Ligand SMILES: [Zn+2]
Ligand SMILES: [Zn+2]
Ligand SMILES: [Zn+2]
């Protein structure tokens, strides 16, 4: 097993995966690492297992179709994984916790959003469809763009959004296009 957390790349109190070499801090893994369960498999492993059980799940899908899906256990898991993949980029630190807005010549967003609030929302089963989750994720980066304007700090939103979008296309097997 690895000696650093797969998400934050730091050492500390790590829980090791029994079916791959990854390791995680308790609250870096999503969902948070389970009390007992011996053996334990991590979310990477559980996602792999879904694909192997249904190979055709990796054939191309339309985004529109993906977003209307109900949050049954498997979509719940993919959303959790997609969220984890965003937290894996160190730039996610800008979007993690609740923001505030006091910049000359800007007004804050009507509906603030941040990654830990989306994590809580997923944990409390507050999304009934994939659309709910994807909407809040995109809102985070949209709010950032609008607030920071011509400040080059806007690029952080573009960058972390790109991580989200790419992984969203991978995880949910969106049909590739030009
Ligand atoms: Zn960590
Ligand atoms: Zn694993
Ligand atoms: Zn089959």
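When we count neighbours, we look across all protein chains shown, and the Cβ atoms used for this are built from the backbone with ideal geometry, even at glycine. No lab work stands behind these numbers, since they all come straight from the coordinates.
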So, with points 7 Å from each Cα along the Cβ direction, the residue 135-residue 171 label distance in nm works out to 1.8 nm
Go ahead and estimate [θ] at 222 nm for the chain from helices alone: -39,500 (n - 2.57) per DSSP H run with n ≥ 4, summed, over the residue count, rounded to 500. -14000 deg cm²/dmol
Cα-projected label distance for residue 107 with residue 93, points at 7 Å along beta-carbon direction, nm: 3.3 nm
Which distance in Å, rounded to a whole number, links the C-alpha centroids of the stretch 7-22 and the stretch 71-103? 19 Å
Looking only at 62, 70, 110, which one moves most when the chain is put into a Gaussian network model with springs between Cα atoms under 10 Å? 110
In nm, to one decimal, how far is the residue 37 label point from the residue 69 one, both placed 7 Å along Cα→Cβ? 1.9 nm
Hey, in the GNM for the chain with a 10 angstrom Cα cutoff, which one of 59, 121, 92 fluctuates hardest? 59
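Please express the shape of the stretch 60-178 as an equivalent ellipsoid: the semi-axes are the square roots of 5 times the eigenvalues of the C-alpha gyration tensor, given largest first in whole angstrom.
Details: eigenvalues 130, 53, 31 Å².
Whole-Å semi-axes of the equivalent ellipsoid: 25, 16, 13.
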